[PDB]
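The file start-v8.cif comes next; it holds mmCIF, C-alpha atoms.
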```cif
data_target
#
loop_
_atom_site.group_PDB
_atom_site.id
_atom_site.type_symbol
_atom_site.label_atom_id
_atom_site.label_comp_id
_atom_site.auth_asym_id
_atom_site.auth_seq_id
_atom_site.Cartn_x
_atom_site.Cartn_y
_atom_site.Cartn_z
ATOM 1 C CA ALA A 1 118.513 18.991 -49.793
ATOM 2 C CA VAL A 2 119.036 17.727 -46.244
ATOM 3 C CA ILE A 3 115.971 17.423 -44.005
ATOM 4 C CA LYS A 4 117.065 18.078 -40.405
ATOM 5 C CA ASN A 5 113.651 17.839 -38.799
ATOM 6 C CA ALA A 6 110.120 17.397 -40.089
ATOM 7 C CA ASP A 7 106.530 16.726 -39.189
ATOM 8 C CA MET A 8 105.045 16.758 -42.658
ATOM 9 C CA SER A 9 103.727 14.450 -45.373
ATOM 10 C CA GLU A 10 106.310 13.292 -47.898
ATOM 11 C CA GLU A 11 104.409 15.050 -50.701
ATOM 12 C CA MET A 12 104.296 18.366 -48.855
ATOM 13 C CA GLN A 13 107.998 17.988 -47.985
ATOM 14 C CA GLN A 14 108.858 17.667 -51.678
ATOM 15 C CA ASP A 15 106.769 20.766 -52.393
ATOM 16 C CA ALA A 16 108.655 22.731 -49.709
ATOM 17 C CA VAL A 17 111.981 21.683 -51.252
ATOM 18 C CA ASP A 18 110.821 22.532 -54.790
ATOM 19 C CA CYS A 19 109.412 25.869 -53.703
ATOM 20 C CA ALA A 20 112.598 26.720 -51.814
ATOM 21 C CA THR A 21 114.605 25.683 -54.887
ATOM 22 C CA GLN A 22 112.613 28.101 -57.058
ATOM 23 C CA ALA A 23 113.029 30.818 -54.427
ATOM 24 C CA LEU A 24 116.820 30.420 -54.345
ATOM 25 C CA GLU A 25 117.099 30.534 -58.144
ATOM 26 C CA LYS A 26 115.226 33.828 -58.213
ATOM 27 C CA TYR A 27 116.188 35.654 -55.027
ATOM 28 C CA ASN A 28 119.505 36.493 -53.400
ATOM 29 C CA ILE A 29 118.288 38.000 -50.092
ATOM 30 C CA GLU A 30 117.019 35.655 -47.320
ATOM 31 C CA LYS A 31 113.952 37.791 -46.530
ATOM 32 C CA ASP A 32 112.823 37.637 -50.173
ATOM 33 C CA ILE A 33 113.542 33.910 -50.386
ATOM 34 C CA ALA A 34 111.461 33.474 -47.224
ATOM 35 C CA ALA A 35 108.646 35.650 -48.591
ATOM 36 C CA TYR A 36 108.405 33.624 -51.828
ATOM 37 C CA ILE A 37 108.115 30.332 -49.952
ATOM 38 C CA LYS A 38 105.708 31.672 -47.324
ATOM 39 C CA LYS A 39 103.431 33.147 -49.971
ATOM 40 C CA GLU A 40 103.351 30.004 -52.120
ATOM 41 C CA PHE A 41 102.436 27.910 -49.100
ATOM 42 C CA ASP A 42 99.640 30.276 -47.943
ATOM 43 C CA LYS A 43 98.289 30.031 -51.471
ATOM 44 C CA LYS A 44 98.602 26.263 -51.925
ATOM 45 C CA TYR A 45 97.978 24.990 -48.401
ATOM 46 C CA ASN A 46 96.042 27.851 -46.702
ATOM 47 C CA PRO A 47 97.237 30.473 -44.160
ATOM 48 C CA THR A 48 99.085 30.925 -41.996
ATOM 49 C CA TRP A 49 102.678 29.955 -42.835
ATOM 50 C CA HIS A 50 105.908 31.547 -41.597
ATOM 51 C CA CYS A 51 109.331 31.120 -43.144
ATOM 52 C CA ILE A 52 112.863 31.743 -41.865
ATOM 53 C CA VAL A 53 115.906 31.434 -44.151
ATOM 54 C CA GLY A 54 119.466 31.812 -42.875
ATOM 55 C CA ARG A 55 122.906 30.463 -42.036
ATOM 56 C CA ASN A 56 123.022 31.235 -38.309
ATOM 57 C CA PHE A 57 119.826 31.090 -36.253
ATOM 58 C CA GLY A 58 117.915 29.090 -33.676
ATOM 59 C CA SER A 59 114.152 29.036 -33.192
ATOM 60 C CA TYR A 60 111.404 27.913 -30.877
ATOM 61 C CA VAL A 61 107.928 27.940 -32.394
ATOM 62 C CA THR A 62 104.522 26.343 -32.212
ATOM 63 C CA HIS A 63 103.305 24.575 -35.339
ATOM 64 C CA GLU A 64 100.169 22.748 -36.408
ATOM 65 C CA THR A 65 101.019 19.061 -36.600
ATOM 66 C CA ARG A 66 101.820 17.809 -40.147
ATOM 67 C CA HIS A 67 102.927 21.325 -41.085
ATOM 68 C CA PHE A 68 106.565 21.718 -40.003
ATOM 69 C CA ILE A 69 109.769 21.289 -41.957
ATOM 70 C CA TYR A 70 113.371 22.364 -41.269
ATOM 71 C CA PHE A 71 115.970 21.681 -43.949
ATOM 72 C CA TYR A 72 119.154 22.773 -45.671
ATOM 73 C CA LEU A 73 119.468 23.530 -49.365
ATOM 74 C CA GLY A 74 123.199 23.805 -49.841
ATOM 75 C CA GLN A 75 124.514 26.017 -47.046
ATOM 76 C CA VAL A 76 121.134 27.680 -46.458
ATOM 77 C CA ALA A 77 118.785 26.571 -43.650
ATOM 78 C CA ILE A 78 115.039 26.935 -44.143
ATOM 79 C CA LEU A 79 112.384 26.711 -41.463
ATOM 80 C CA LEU A 80 108.790 26.563 -42.735
ATOM 81 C CA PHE A 81 105.745 25.989 -40.550
ATOM 82 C CA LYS A 82 102.031 26.701 -40.243
ATOM 83 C CA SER A 83 100.607 28.438 -37.162
ATOM 84 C CA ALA B 1 119.451 47.039 -27.424
ATOM 85 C CA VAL B 2 118.446 48.440 -30.826
ATOM 86 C CA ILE B 3 114.805 48.170 -31.929
ATOM 87 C CA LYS B 4 114.641 47.744 -35.720
ATOM 88 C CA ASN B 5 110.926 47.233 -36.244
ATOM 89 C CA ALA B 6 108.035 47.042 -33.799
ATOM 90 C CA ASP B 7 104.266 46.770 -33.765
ATOM 91 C CA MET B 8 103.988 46.495 -30.001
ATOM 92 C CA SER B 9 103.319 48.677 -26.961
ATOM 93 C CA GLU B 10 106.352 50.490 -25.526
ATOM 94 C CA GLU B 11 105.780 48.474 -22.342
ATOM 95 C CA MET B 12 105.791 45.056 -24.024
ATOM 96 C CA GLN B 13 108.855 46.101 -26.033
ATOM 97 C CA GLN B 14 110.688 46.668 -22.745
ATOM 98 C CA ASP B 15 109.576 43.243 -21.552
ATOM 99 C CA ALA B 16 110.866 41.607 -24.767
ATOM 100 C CA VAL B 17 114.256 43.286 -24.283
ATOM 101 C CA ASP B 18 114.476 42.299 -20.588
ATOM 102 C CA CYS B 19 113.452 38.764 -21.446
ATOM 103 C CA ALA B 20 116.038 38.423 -24.191
ATOM 104 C CA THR B 21 118.661 39.966 -21.895
ATOM 105 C CA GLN B 22 117.967 37.340 -19.221
ATOM 106 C CA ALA B 23 117.999 34.556 -21.806
ATOM 107 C CA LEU B 24 121.403 35.615 -23.160
ATOM 108 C CA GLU B 25 122.858 35.478 -19.637
ATOM 109 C CA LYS B 26 121.519 31.988 -19.031
ATOM 110 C CA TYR B 27 122.210 30.533 -22.488
ATOM 111 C CA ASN B 28 124.649 30.848 -25.417
ATOM 112 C CA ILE B 29 122.886 28.545 -27.914
ATOM 113 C CA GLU B 30 120.315 30.287 -30.188
ATOM 114 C CA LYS B 31 117.669 27.544 -29.846
ATOM 115 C CA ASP B 32 117.822 27.693 -26.033
ATOM 116 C CA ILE B 33 117.675 31.502 -26.043
ATOM 117 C CA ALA B 34 114.657 31.442 -28.363
ATOM 118 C CA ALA B 35 112.931 28.792 -26.258
ATOM 119 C CA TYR B 36 113.421 30.846 -23.083
ATOM 120 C CA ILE B 37 111.850 33.937 -24.640
ATOM 121 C CA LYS B 38 109.008 32.077 -26.408
ATOM 122 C CA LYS B 39 108.029 30.184 -23.258
ATOM 123 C CA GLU B 40 108.108 33.308 -21.078
ATOM 124 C CA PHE B 41 105.913 35.232 -23.541
ATOM 125 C CA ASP B 42 103.479 32.304 -23.875
ATOM 126 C CA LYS B 43 103.167 32.346 -20.102
ATOM 127 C CA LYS B 44 102.842 36.110 -19.632
ATOM 128 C CA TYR B 45 100.882 37.092 -22.755
ATOM 129 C CA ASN B 46 99.148 33.832 -23.760
ATOM 130 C CA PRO B 47 100.044 31.541 -26.668
ATOM 131 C CA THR B 48 100.988 31.500 -29.409
ATOM 132 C CA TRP B 49 104.418 33.161 -29.654
ATOM 133 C CA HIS B 50 107.358 32.273 -31.887
ATOM 134 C CA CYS B 51 110.945 33.373 -31.452
ATOM 135 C CA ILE B 52 113.923 33.401 -33.782
ATOM 136 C CA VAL B 53 117.402 34.332 -32.515
ATOM 137 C CA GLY B 54 120.484 34.667 -34.667
ATOM 138 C CA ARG B 55 123.204 36.647 -36.383
ATOM 139 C CA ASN B 56 122.263 35.701 -39.963
ATOM 140 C CA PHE B 57 118.663 35.176 -41.116
ATOM 141 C CA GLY B 58 115.763 36.693 -43.018
ATOM 142 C CA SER B 59 112.095 36.024 -42.349
ATOM 143 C CA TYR B 60 108.581 36.518 -43.626
ATOM 144 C CA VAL B 61 105.866 35.949 -41.071
ATOM 145 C CA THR B 62 102.311 36.905 -40.206
ATOM 146 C CA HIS B 63 101.621 38.429 -36.795
ATOM 147 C CA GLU B 64 98.666 39.722 -34.806
ATOM 148 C CA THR B 65 98.683 43.530 -34.622
ATOM 149 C CA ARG B 66 100.529 44.958 -31.586
ATOM 150 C CA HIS B 67 102.408 41.677 -31.113
ATOM 151 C CA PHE B 68 105.604 41.981 -33.200
ATOM 152 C CA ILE B 69 109.132 43.030 -32.369
ATOM 153 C CA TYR B 70 112.407 42.732 -34.234
ATOM 154 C CA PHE B 71 115.471 43.952 -32.359
ATOM 155 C CA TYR B 72 119.183 43.544 -31.830
ATOM 156 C CA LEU B 73 120.877 42.853 -28.536
ATOM 157 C CA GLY B 74 124.364 43.812 -29.534
ATOM 158 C CA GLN B 75 125.107 41.813 -32.664
ATOM 159 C CA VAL B 76 122.412 39.152 -32.267
ATOM 160 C CA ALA B 77 118.999 39.671 -33.857
ATOM 161 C CA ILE B 78 115.767 38.651 -32.148
ATOM 162 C CA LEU B 79 112.387 38.207 -33.813
ATOM 163 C CA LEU B 80 109.454 37.685 -31.449
ATOM 164 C CA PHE B 81 105.835 37.662 -32.557
ATOM 165 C CA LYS B 82 102.422 36.219 -31.883
ATOM 166 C CA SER B 83 100.516 34.405 -34.607
ATOM 167 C CA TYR C 1 93.803 41.446 -37.295
ATOM 168 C CA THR C 2 97.026 40.122 -38.832
ATOM 169 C CA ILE C 3 99.897 41.735 -40.741
ATOM 170 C CA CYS C 4 102.707 40.246 -42.857
ATOM 171 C CA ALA C 5 106.195 41.441 -41.972
ATOM 172 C CA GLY C 6 109.688 40.678 -43.222
ATOM 173 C CA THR C 7 113.023 40.972 -41.410
ATOM 174 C CA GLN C 8 116.624 40.816 -42.600
ATOM 175 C CA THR C 9 119.862 40.760 -40.626
ATOM 176 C CA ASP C 10 122.649 43.066 -41.781
ATOM 177 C CA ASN D 1 94.085 21.143 -30.473
ATOM 178 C CA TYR D 2 96.497 20.330 -33.321
ATOM 179 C CA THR D 3 99.619 22.157 -32.151
ATOM 180 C CA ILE D 4 103.017 21.277 -30.662
ATOM 181 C CA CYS D 5 106.247 23.170 -29.984
ATOM 182 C CA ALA D 6 109.537 22.533 -31.803
ATOM 183 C CA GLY D 7 112.986 24.096 -31.852
ATOM 184 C CA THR D 8 115.712 24.371 -34.514
ATOM 185 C CA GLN D 9 119.426 25.176 -34.524
ATOM 186 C CA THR D 10 121.693 25.814 -37.532
ATOM 187 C CA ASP D 11 124.869 23.730 -37.903
ATOM 188 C CA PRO D 12 128.185 25.196 -36.616
#
```
For this file, write the structure as structure tokens.
Amino acid sequence: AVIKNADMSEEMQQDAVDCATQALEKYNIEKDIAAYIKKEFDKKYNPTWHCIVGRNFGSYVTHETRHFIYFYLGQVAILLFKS
Amino acid sequence: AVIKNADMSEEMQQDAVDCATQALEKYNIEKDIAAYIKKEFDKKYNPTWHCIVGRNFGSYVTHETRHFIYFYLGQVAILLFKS
Amino acid sequence: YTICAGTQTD
Amino acid sequence: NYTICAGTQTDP
């Protein structure tokens, strides 16, 4: 797990990584992987989260401070943020 | 321009397409393209917009009604929505 | 009102 | 106001 950019507590970062890890074990399709992570975070840390999972994409978003992480798990990039 | 999924007025859909078209002429990096579109929509339709541009990604997001578009410009996918 | 939506490139 | 903008780009 390589964190490329973050504005997030270390504990919440580890939870994002763990949640993404669980999502990748279960789901093959990026949209489903994203949905699993997004839903877990809405549940655990309140709405409203958004999650993008992919190999080739750029983004520009607005996030609540302390609630932004962008990382790779293997060759997969994951963007997860609250807005 | 191929619209894949929209919850947005026909008029705003046209604006999203024109905006993305202009961005692709000015920029070739996904992040820059996304930033162009996001900033223009924030300015014209109020914050808070988010934009994802890329050939390979899946997403799961939450959007205000009438403020969501997912389309292709050629082979590049664009997701633009307001939280 | 808000709606959840998913997208997937082909 | 607790918000800020950020951008991301995938590796080549």
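Near chain D, counting only C-alpha atoms at 8 Å, the chain B residues are residues 30, 31 and 35 of chain B.
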Go ahead and save the picked residues with C-alpha atoms, as a PDB file, in the coordinates of the input.
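Okay, part-v3.pdb is ready:
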```pdb
ATOM      1  CA  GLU B  30     120.315  30.287 -30.188  1.00  0.00           C
ATOM      2  CA  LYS B  31     117.669  27.544 -29.846  1.00  0.00           C
ATOM      3  CA  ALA B  35     112.931  28.792 -26.258  1.00  0.00           C
TER       4      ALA B  35
END
```
Give chain B as a CSV table (one decimal) with C-alpha atoms, in the frame of the given file once it has been least-squares superposed onto chain A over every C-alpha atom, paired in order.
```csv
chain,number,residue,atom,x,y,z
B,1,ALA,CA,118.6,19.2,-50.0
B,2,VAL,CA,119.0,17.7,-46.4
B,3,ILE,CA,115.9,17.3,-44.2
B,4,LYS,CA,116.9,17.9,-40.6
B,5,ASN,CA,113.5,17.7,-38.9
B,6,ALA,CA,110.0,17.2,-40.3
B,7,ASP,CA,106.4,16.7,-39.2
B,8,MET,CA,104.9,16.8,-42.6
B,9,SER,CA,103.8,14.4,-45.4
B,10,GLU,CA,106.5,13.2,-47.7
B,11,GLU,CA,104.6,14.9,-50.5
B,12,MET,CA,104.5,18.3,-48.9
B,13,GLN,CA,108.1,18.0,-47.9
B,14,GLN,CA,108.9,17.6,-51.6
B,15,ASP,CA,106.9,20.7,-52.3
B,16,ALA,CA,108.7,22.7,-49.7
B,17,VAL,CA,112.1,21.7,-51.2
B,18,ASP,CA,110.9,22.6,-54.8
B,19,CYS,CA,109.5,25.9,-53.6
B,20,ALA,CA,112.7,26.8,-51.8
B,21,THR,CA,114.8,25.7,-54.8
B,22,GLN,CA,112.8,28.0,-57.1
B,23,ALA,CA,113.0,30.9,-54.6
B,24,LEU,CA,116.8,30.6,-54.4
B,25,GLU,CA,117.1,30.8,-58.2
B,26,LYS,CA,114.9,34.0,-58.2
B,27,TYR,CA,116.4,35.7,-55.1
B,28,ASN,CA,119.6,36.0,-53.1
B,29,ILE,CA,118.3,38.0,-50.2
B,30,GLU,CA,117.0,35.9,-47.2
B,31,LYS,CA,113.9,38.0,-46.7
B,32,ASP,CA,112.8,37.8,-50.3
B,33,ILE,CA,113.5,34.0,-50.4
B,34,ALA,CA,111.4,33.6,-47.2
B,35,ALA,CA,108.6,35.7,-48.6
B,36,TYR,CA,108.5,33.7,-51.8
B,37,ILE,CA,108.1,30.4,-49.9
B,38,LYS,CA,105.6,31.8,-47.3
B,39,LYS,CA,103.4,33.3,-50.0
B,40,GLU,CA,103.4,30.2,-52.1
B,41,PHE,CA,102.5,27.9,-49.1
B,42,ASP,CA,99.8,30.4,-48.0
B,43,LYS,CA,98.3,30.1,-51.5
B,44,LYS,CA,98.6,26.3,-51.9
B,45,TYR,CA,97.9,25.1,-48.3
B,46,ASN,CA,96.0,28.0,-46.8
B,47,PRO,CA,97.3,30.6,-44.2
B,48,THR,CA,99.0,30.9,-41.9
B,49,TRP,CA,102.6,29.9,-42.8
B,50,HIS,CA,105.8,31.5,-41.6
B,51,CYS,CA,109.3,31.1,-43.2
B,52,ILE,CA,112.8,31.7,-41.9
B,53,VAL,CA,115.8,31.4,-44.2
B,54,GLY,CA,119.4,31.8,-43.1
B,55,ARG,CA,122.8,30.5,-42.4
B,56,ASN,CA,122.9,31.3,-38.7
B,57,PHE,CA,119.8,31.2,-36.5
B,58,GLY,CA,118.0,29.2,-33.8
B,59,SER,CA,114.3,29.2,-33.2
B,60,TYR,CA,111.5,28.0,-30.9
B,61,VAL,CA,108.0,28.0,-32.5
B,62,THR,CA,104.7,26.3,-32.2
B,63,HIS,CA,103.3,24.5,-35.3
B,64,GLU,CA,100.1,22.6,-36.3
B,65,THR,CA,100.9,18.9,-36.5
B,66,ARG,CA,101.9,17.7,-40.0
B,67,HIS,CA,102.9,21.3,-41.0
B,68,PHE,CA,106.5,21.7,-40.0
B,69,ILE,CA,109.8,21.3,-41.9
B,70,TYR,CA,113.3,22.3,-41.2
B,71,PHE,CA,115.8,21.6,-44.0
B,72,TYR,CA,119.0,22.7,-45.6
B,73,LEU,CA,119.5,23.6,-49.3
B,74,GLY,CA,123.2,23.4,-49.4
B,75,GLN,CA,124.5,25.6,-46.6
B,76,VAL,CA,121.3,27.7,-46.1
B,77,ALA,CA,118.7,26.6,-43.5
B,78,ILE,CA,115.0,26.9,-44.1
B,79,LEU,CA,112.3,26.7,-41.5
B,80,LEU,CA,108.7,26.6,-42.8
B,81,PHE,CA,105.7,25.9,-40.6
B,82,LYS,CA,102.0,26.7,-40.1
B,83,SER,CA,100.8,28.2,-36.9
```
Spatial sel., origin (97.8, 43.7, -42.9), limit 12 Å, all atoms listed in the file, listed as a short mmCIF file (atom, residue, chain, number, x, y, z; two decimals) with C-alpha atoms, in the frame of the given file:
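Generated file (part.cif):
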```cif
data_model
loop_
_atom_site.label_atom_id
_atom_site.label_comp_id
_atom_site.auth_asym_id
_atom_site.auth_seq_id
_atom_site.Cartn_x
_atom_site.Cartn_y
_atom_site.Cartn_z
CA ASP B 7 104.27 46.77 -33.76
CA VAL B 61 105.87 35.95 -41.07
CA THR B 62 102.31 36.90 -40.21
CA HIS B 63 101.62 38.43 -36.80
CA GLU B 64 98.67 39.72 -34.81
CA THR B 65 98.68 43.53 -34.62
CA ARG B 66 100.53 44.96 -31.59
CA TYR C 1 93.80 41.45 -37.30
CA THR C 2 97.03 40.12 -38.83
CA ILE C 3 99.90 41.74 -40.74
CA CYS C 4 102.71 40.25 -42.86
CA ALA C 5 106.20 41.44 -41.97
#
```
### Point (107.4, 31.8, -39.8), cut-off 8 Å, counting all atoms listed in the file, residues as a VMD selection string
(chain A and resid 38 49 to 52 79 to 82) or (chain B and resid 50 59 to 62)
### Task
One decimal, Å: what's the distance from CA of residue 72 in chain A over to CA of residue 78 in chain B, could you say?
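Result for CA of residue 72 in chain A versus CA of residue 78 in chain B: 21.1 Å, one decimal.
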### Message
Can you measure CA of residue 47 in chain A to CA of residue 16 in chain A for me? One decimal in Å is fine.
### Response
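Value for the CA of residue 47 in chain A-CA of residue 16 in chain A distance: 14.9 Å.
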Using the chain letters and residue numbers of this document, give as a compact mmCIF listing (two decimals) with C-alpha atoms, keeping the file's coordinate frame the residues selected by the PyMOL selection byres ((chain C and resi 10) around 10).
```
# COMPACT_ATOMS: atom_id res chain seq x y z
CA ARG B 55 123.20 36.65 -36.38
CA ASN B 56 122.26 35.70 -39.96
CA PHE B 57 118.66 35.18 -41.12
CA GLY B 58 115.76 36.69 -43.02
CA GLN B 75 125.11 41.81 -32.66
CA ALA B 77 119.00 39.67 -33.86
CA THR C 7 113.02 40.97 -41.41
CA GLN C 8 116.62 40.82 -42.60
CA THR C 9 119.86 40.76 -40.63
```
### Message
Residues near residue 22 in chain A, anyone? I mean within 9 Å using only C-alpha atoms, not counting same-chain ones fewer than 5 positions away, as a list in words.
### Response
residues 17, 27, 33, 36 and 37 of chain A
Edge lengths and centre in Å to one decimal, as JSON, of the axis-aligned box that encloses all listed atoms of range 23-31 of chain B with 5 Å added on every side?
```
{"center_x": 121.2, "center_y": 31.6, "center_z": -24.6, "size_x": 17.0, "size_y": 18.1, "size_z": 21.2}
```
### Task
Can you work out the spacing between CA of residue 70 in chain A and CA of residue 28 in chain A in Å, to one decimal?
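Spanning CA of residue 70 in chain A to CA of residue 28 in chain A is a straight-line distance of 19.6 Å.
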### Query
Taking all atoms listed in the file into account, which of B:21, B:74, B:1, B:68 comes nearest chain C?
B:68
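Comparing B:44, B:67, B:39, B:4 by their smallest distance to chain A, the closest is B:39 (using only C-alpha atoms).
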